[PDB]
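Undergrad: What follows is a single structure, and I will ask about it in a moment.
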Amino acid sequence: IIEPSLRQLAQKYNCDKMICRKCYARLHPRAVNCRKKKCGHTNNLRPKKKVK
Amino acid sequence: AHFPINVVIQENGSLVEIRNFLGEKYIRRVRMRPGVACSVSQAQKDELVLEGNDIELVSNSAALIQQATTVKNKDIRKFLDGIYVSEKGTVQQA
Amino acid sequence: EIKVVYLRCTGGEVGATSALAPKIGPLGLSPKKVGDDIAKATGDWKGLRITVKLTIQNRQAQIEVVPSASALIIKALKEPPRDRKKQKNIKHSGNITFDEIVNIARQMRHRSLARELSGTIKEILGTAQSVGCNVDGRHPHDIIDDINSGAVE
Amino acid sequence: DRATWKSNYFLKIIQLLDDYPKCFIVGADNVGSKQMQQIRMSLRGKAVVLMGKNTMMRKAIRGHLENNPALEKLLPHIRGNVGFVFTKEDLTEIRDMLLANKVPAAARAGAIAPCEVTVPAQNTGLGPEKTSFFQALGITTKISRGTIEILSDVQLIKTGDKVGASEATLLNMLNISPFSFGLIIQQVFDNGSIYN
Amino acid sequence: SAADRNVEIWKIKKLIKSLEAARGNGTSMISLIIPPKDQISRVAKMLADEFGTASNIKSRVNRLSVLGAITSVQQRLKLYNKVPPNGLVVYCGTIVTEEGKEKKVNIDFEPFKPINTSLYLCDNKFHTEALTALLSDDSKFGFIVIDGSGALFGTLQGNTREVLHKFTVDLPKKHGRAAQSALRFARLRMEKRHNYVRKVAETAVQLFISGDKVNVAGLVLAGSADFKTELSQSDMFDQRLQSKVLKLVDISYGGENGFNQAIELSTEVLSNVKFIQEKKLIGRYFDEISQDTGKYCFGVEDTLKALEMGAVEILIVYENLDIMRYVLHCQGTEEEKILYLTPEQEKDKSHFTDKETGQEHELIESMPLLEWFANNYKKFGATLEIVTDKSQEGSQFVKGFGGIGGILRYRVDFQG
RNA sequence: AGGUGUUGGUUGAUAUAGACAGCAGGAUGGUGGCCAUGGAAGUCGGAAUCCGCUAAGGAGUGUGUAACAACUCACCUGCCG
């Protein structure tokens with residue numbers, strides 16, 4: 001189906017990330033607070049749920 | 001992941017054509033900038049190569065192609081098809 | 001073709017749901033025969049788990065018992081035959097006389113991992129506290145009883 | 001705490017240096033935790049391991065240089081994870097003890113190889129694997145009756161090469177160990193002067 | 001009480017085994033059932049005129065076997081001044097058994113569950129219709145009734161009727177008679193129907209609920225003038241109670257006159273609940289065979305290869321397996337192991353020889369297979385979910401799979 | 001109810017005897033510690049919760065399984081100042 005070390009390059013921009021619980025944002029995986037202003041820089045972060 | 005993407009260039013570097021990505025019929029065009037030279041590698045297959053004397057102008061040109069290829073309608077943890085950045089550094093080495 | 005397998009079976013008495021058969025079902029032996037093989041060979045361990053070794057050859061399996069920590073503590077504190085209704089905490093608390101613990105530090109000498117006998121008795125007493133017991137003062141007292149004039153060989 | 005903890009180690013080095021006037025210097029590149037406490041069971045009666053931090057070793061020497069000028073030579077002899085396996089009774093029987101008891105295992109996916117590892121034929125004992133991520137590195141083998149017996153004798157890791165990702169993960173399918181994991185000695189400190 | 005009921009269910013099932021196969025003589029066997037509501041006074045009347053009438057039976061033996069066995073039951077129900085909750089089952093008479101042997105018997109017990117049945121026979125044996133398909137007939141249903149003049153919650157067993165709770169309310173008029181007031185008097189009149197039907201949604205949490213679960217396997221909602229359709233479909237009505245609502249009954253009557261009519265307006269959906277609860281499990285078994293994970297077994301050799309190890313979750317069984325359990329026991333060697341036999345192998349088969357030491361291998365008495373799987377159902381798993389074969393997917397199950405299954409938990413690696 | 005915007009304040013620890021990043025090498029046996037359960041190998045669960053070895057490895061920080069396997073982190077090391 002696909003080369004097994006051209007998948008760690010394709011997953012990095014859509015799969016290995018973090019999310020605001022309060023405004024559904026996308027941020028880099030090594031965060032603590034949301035970036036945006038709408039949630040008021042909250043620290044209710046959680047990771048992007050994996051595929052099966 | 002099925003439909004190989006065919007990339008072909010013009011204007012000795014300044015324009016880029018992108019065909020058959022997912023098997024779409026429409027043909028994308030991207031324009032890199034002035035003072036930056038696009039290409040196709042000699043040692044790898046589907047390898048674009050983005051040169052030039054400025055980090056900003058170069059890296060914005062990287063990012064136009066990378067955001068020509070973004071999936072609509074569909075779960076993006078599964079279809080992982082595009083053109084995305086590999087190696088940064090320098091044109092010659094010391 | 002030797003291949004030594006470790007099966008923590010019911011020991012003296014026979015159990016209920018026998019999951020020995022992924023190890024012993026793709027190779028040969030019956031799923032009824034190994035449950036009663038250990039019924040006699042272990043003997044009067046009664047209901048103590050010991051991980052038994054099987055000398056698996058072309059022919060048949062040699063049944064021999066492995067040295068352990070928790071088997072010697074429940075056997076010395078003496079029981080008649082028991083039930084399976086099992087009261088809250090089957091754990092015990094008597095008084096292990098210091099004749100057995102120094103004898104077990106010579107049996108610990110054959111596993112072979114340690115210094116002298118000033119540091120094998122504190123880890124046999126270290127295994128004895130998990131069931132529930134003490135020998136004239138708890139293991140607080142056994143760092144103060146060993147130094148100056150404890151039973152050192 | 002870390003105030004009364006150092007107060008026992010500066011008294012242990014003035015004890016162990018006068019008690020053992022001869023010494024060694026050793027490191028620790030790939031040597032584990034069970035592996036230490038198998039070699040602890042070896043020379044116990046005549047070897048006492050004493051590793052440590054650099055500047056606690058650098059400070060302890062300054063009190064000694066007034067007493068013994070012969071300890072002047074171990075101020076630029078600390079590079080790596082330095083330790084000092086003490087010795088007095090024999091220096092040709094303690095080093096040849098740790099020569100013939102190197103505890104082996106399959107290699108790291110990282111560390112370079114001193115030997116230029118040559119590869120004969122072999123057999124695994126498995127079902128159908130694949131020759132799809134193997135033919136890249138350059139050993140074009142034959143799937144001969146289940147177990148893939150090697151046809152070509154091309155070397156992969158040589159003197160100096162970094163054992164990276166693509167030839168490190170494909171050696172977990174075949175199960176092999178080139179070396180034996182152990183402490184590679186650097187210097188030898190005998191009687192106040194360095195002699196090999 | 002868990003320990004107080006479960007001594008009474010399985011113990012009295014073995015008393016009903018040996019009495020039914022009684023097999024005595026003549027017609028001297030008083031079989032009897034009283035329903036709980038009735039007086040014991042109207043029985044000592046009846047059986048008084050069945051003692052001068054029973055003296056004109058010609059045959060010498062039959063007549064005095066009776067009038068002995070009729071005046072023993074006369075003094076059993078003197079000790080009873082009333083009849084309790086759940087009734088009274090009277091077994092009197094005089095059997096014959098092993099060894100040309102006559103032994104008189106005179107039982108009288110209060111059963112479990114309030115029965116409703118009435119019975120009086122005198123055959124050559126003992127009679128059981130209303131014990132083995134009412135006390136066996138388990139799953140309960142719930143009956144709400146809605147109207148402007150009242151509401152009422154009650155249950156229906158197989159043949160029992162309980163009236164749990166009811167409550168009346170004084171609902172207003174409909175018919176308006178002003179202009180500006182007649183606008184808001186319509187919000188103010190419909191407002192006093194909402195806190196009624198939310199006092200029937202909320203009173204459905206009082207009577208029908210037990211242990212993060214409801215204590216019934218179905219539900220029916222009655223009424224008239226479409227006031228079930230305002231309890232049945234609202235956001236205030238609970239999710240799990242809303243998903244069991246099996247019927248929308250329209251009728252004449254209400255209260256205690258119209259609780260009886262909703263029991264025989266659903267004679268075609270009260271007997272169509274196990275026909276779905278058993279069809280889902282036979283539909284859920286062929287979806288395991290469809291999918292590529294591999295968690296299913298078949299046969300009496302592969303299900304015993306994979307029940308002793310990691311035991312199955314829901315042990316799938318066709319009740320009528322003909323196969324039963326025979327235990328084998330050698331002569332000289334004294335060696336024994338338990339085995340299972342197919343149609344031909346149990347009747348005439350002298351293959352049962354020791355072979356090893358060359359001796360005769362005799363087989364000590366049997367034990368039924370659906371009965372032996374109930375000797376160990378909580379041991380090797382839990383939930384003994386027995387299934388039938390009448391349905392459109394139950395039909396092929398038995399002959400297609402021989403009457404056995406086992407949806408395994410973890411990835412079991414079979415070998416064949 | 002909240003904020004790693006920026007700004008005053010209060011208490012208590014980590015440091016040239018080499019911390020705080022980052023970038024590398026370890027993270028053990030008696031032991032699969034005992035009571036429950038079809039299993040509790042440290043990882044639903046229950047109260048109990050030790051020492052041989054040391055520069056350092058806790059009767060255990062999380063991810064993962066029917067039991068594990070397999071991979072992290074507590075605590076210490078080389079560079080760096």
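If you're wondering about the labels, chains in the structure tokens are A, B, ... by order shown, residues count from 1 in each chain, ligands from 1 in order shown.
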Please report as a Markdown table every residue of chain A lying within 12 Å of chain D, along with the nearest atom pair and their distance in Å (one decimal), using only C-alpha atoms.
TA:
```
| residue | atom | partner | partner_atom | distance |
| --- | --- | --- | --- | --- |
| A:3 | CA | D:133 | CA | 9.7 |
| A:4 | CA | D:133 | CA | 9.6 |
| A:5 | CA | D:166 | CA | 9.6 |
```
Undergrad: Since we have the selection now, will you write its residues out, keeping C-alpha atoms, as a PDB file, in the first residue's frame?
TA:
```pdb
ATOM      1  CA  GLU A   3       6.406   2.845   1.966  1.00  0.00           C
ATOM      2  CA  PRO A   4       6.863   2.524   5.806  1.00  0.00           C
ATOM      3  CA  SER A   5       9.183   5.521   6.292  1.00  0.00           C
TER       4      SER A   5
END
```
Undergrad: Based on the backbone DSSP call, show me all residues of segment 93-144 of chain C assigned helix (DSSP H, G or I), as number ranges by chain.
TA: C: 98-110, 121-128, 141-143
Undergrad: Which of segment 86-324 of chain E counts as strand (DSSP E or B) under DSSP, as a PyMOL selection string please?
TA: chain E and resi 88-96+102-109+119-122+141-147+150-156+161-166+219-223+245-248+317-318+324
Undergrad: Output as CSV one row per residue of chain E within 10 Å of chain F: the closest atom pair and its distance in Å to one decimal place, counting only C-alpha atoms (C1' of nucleotides), sorted by chain and residue number ascending.
TA:
```
residue,atom,partner,partner_atom,distance
E:308,CA,F:38,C1',9.1
E:309,CA,F:38,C1',8.2
E:310,CA,F:38,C1',6.9
E:311,CA,F:38,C1',7.2
E:379,CA,F:38,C1',7.9
E:380,CA,F:38,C1',7.3
E:381,CA,F:38,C1',7.6
E:409,CA,F:66,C1',7.6
E:410,CA,F:66,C1',6.0
E:411,CA,F:66,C1',8.8
E:412,CA,F:66,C1',9.8
```
Undergrad: As a ChimeraX atom specification, could you give me every residue of chain D near chain F (at most 10 Å apart, counting only C-alpha atoms (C1' of nucleotides))?
TA: /D:3,6,28-37,40-41,49-60,79-83
Undergrad: Taking only C-alpha atoms (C1' of nucleotides) into account, which residues of chain A are within 9 Å of chain F, as a VMD selection string?
TA: chain A and resid 32 to 33 40 to 43
Undergrad: Pick out the closest residue to residue 2 of chain A from this set: B:80, B:48, B:55, B:94. Count only C-alpha atoms.
TA: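 For residue 2 of chain A, the nearest of the candidates is B:80.
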Undergrad: Calculate how many Å separate atom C1' of residue 62 of chain F from atom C1' of residue 43 of chain F, rounding to one decimal.
TA: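 About the pair atom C1' of residue 62 of chain F and atom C1' of residue 43 of chain F: they are 8.8 Å apart.
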